[PDB]
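A.B. asks: Below is one structure. I have some questions about it.
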Amino acid sequence: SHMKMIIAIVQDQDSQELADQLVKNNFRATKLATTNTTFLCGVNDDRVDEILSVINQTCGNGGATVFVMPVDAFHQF
Amino acid sequence: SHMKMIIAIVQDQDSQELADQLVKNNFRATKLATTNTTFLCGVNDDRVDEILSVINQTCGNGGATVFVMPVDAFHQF
Amino acid sequence: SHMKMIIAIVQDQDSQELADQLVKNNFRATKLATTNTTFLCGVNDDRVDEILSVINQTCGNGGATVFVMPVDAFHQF
Ligand SMILES: [Cl-]
Ligand SMILES: [Cl-]
Ligand SMILES: [Cl-]
């Protein structure tokens with residue numbers, strides 16, 4: 001009914017292409033840390049499977065680690 | 001009875017002033033990533049509305065995106 | 001039965017040694033932000049007490065702040 005926080009660690013050489021395909025599927029993600037790049041992206045419940053699948057197609061093999069975390073509340077100001 | 005993790009994405013030109021006013025209201029936040037600056041701040045349940053309001057007054061219009069996330073446990077060592 | 005996300009803020013002069021001893025106890029952590037270094041580390045329920053204890057022995061006194069957060073789902077690709 002509501003949101004999840006995705007936290008993803010992936011290979012930097014997939015950072016470019018993953019980021020590109022997030023954009024194409026209307027996912028708004030933030031680049032957090034590299035060496036391995038960490039992204040976090042707020043996603044609707046409906047669309048977790050969707051973003052998992054995108055991360056999967058563009059990353060891993062390559063490597064990828066993903067956390068789906070609960071969100072109590074979301075505000076845009 | 002307990003805590004929340006706030007995760008906030010805001011405009012970098014509001015980073016300076018938001019950070020200042022967090023301090024004034026005894027909020028301890030960490031600067032995480034910029035381009036848009038990401039902050040996270042551990043807050044007590046009681047005080048979520050408070051920190052939302054601060055983020056709101058000093059950021060957005062400007063833009064701001066905020067996640068309130070559950071915390072199982074908190075330790076200071 | 002499942003996982004937690006640990007989020008830890010500690011002193012940078014303990015960053016070196018904490019990181020070393022995480023590795024020795026098979027904890028996979030990501031370095032996020034410094035000034036104070038922020039780490040996050042995905043941990044199994046079983047092993048929270050374990051990683052708390054490691055953070056504690058190697059950090060704080062020194063200072064350390066730790067969040068244990070719920071994880072709905074975990075995927076490796
Ligand atoms: Cl990985
Ligand atoms: Cl924004
Ligand atoms: Cl600290």
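Letters A, B, ... mark the chains of the structure tokens in the order given; residue numbers begin at 1 per chain; ligand numbers begin at 1, in order shown.
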Would you pick out the contacts of stretch 48-64 of chain B at 7 Å or less, using only C-alpha atoms, so that residues sharing its chain but fewer than 3 positions from it are not included, and give the list as a ChimeraX atom specification?

C.D. replies: /A:76-77 /B:9-11,14,17-18,43-45

A.B. asks: Keeping only C-alpha atoms, take the residues you just selected and write them out as a PDB file, in the first residue's frame.

C.D. replies:
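File result_33.pdb, as written:
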ATOM      1  CA  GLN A  76       7.912  15.210  -0.240  1.00  0.00           C
ATOM      2  CA  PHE A  77       8.309  18.895   0.470  1.00  0.00           C
TER       3      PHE A  77
ATOM      4  CA  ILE B   9      17.451  14.065   0.125  1.00  0.00           C
ATOM      5  CA  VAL B  10      17.541  17.845  -0.398  1.00  0.00           C
ATOM      6  CA  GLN B  11      19.026  20.584  -2.578  1.00  0.00           C
ATOM      7  CA  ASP B  14      19.763  24.361   1.396  1.00  0.00           C
ATOM      8  CA  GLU B  17      20.947  26.189   6.398  1.00  0.00           C
ATOM      9  CA  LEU B  18      19.132  22.922   7.084  1.00  0.00           C
ATOM     10  CA  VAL B  43      15.353  10.641  15.773  1.00  0.00           C
ATOM     11  CA  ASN B  44      13.056   9.722  18.700  1.00  0.00           C
ATOM     12  CA  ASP B  45       9.380   8.882  17.826  1.00  0.00           C
TER      13      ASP B  45
END

A.B. asks: As number ranges by chain, could you give me every residue of chain A near chain B (at most 6 Å apart, counting only C-alpha atoms)?

C.D. replies: A: 32, 71-77

A.B. asks: Compile the contact shell of residue B:27 as a list in words: residues with an atom at most 8 Å away, counting only C-alpha atoms, same-chain residues fewer than 2 positions apart removed.

C.D. replies: residues 22, 23, 24, 25, 29, 41, 42, 43 and 51 of chain B

A.B. asks: Out of chain B, which residues get helix (DSSP H, G or I) from DSSP, as a list in words?

C.D. replies: residues 12, 13, 14, 15, 16, 17, 18, 19, 20, 21, 22, 23, 24, 45, 46, 47, 48, 49, 50, 51, 52, 53, 54, 55, 56, 57 and 58 of chain B

A.B. asks: In chain B, what's strand (DSSP E or B) per DSSP? Answer as a ChimeraX atom specification?

C.D. replies: /B:3-10,29-33,37-44,64-70,73-76

A.B. asks: Rounded to one decimal in Å, what is the spacing between atom CA of residue A:47 and atom CA of residue C:30?

C.D. replies: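 Atom-to-atom, atom CA of residue A:47 and atom CA of residue C:30 are spaced 25.5 Å apart.
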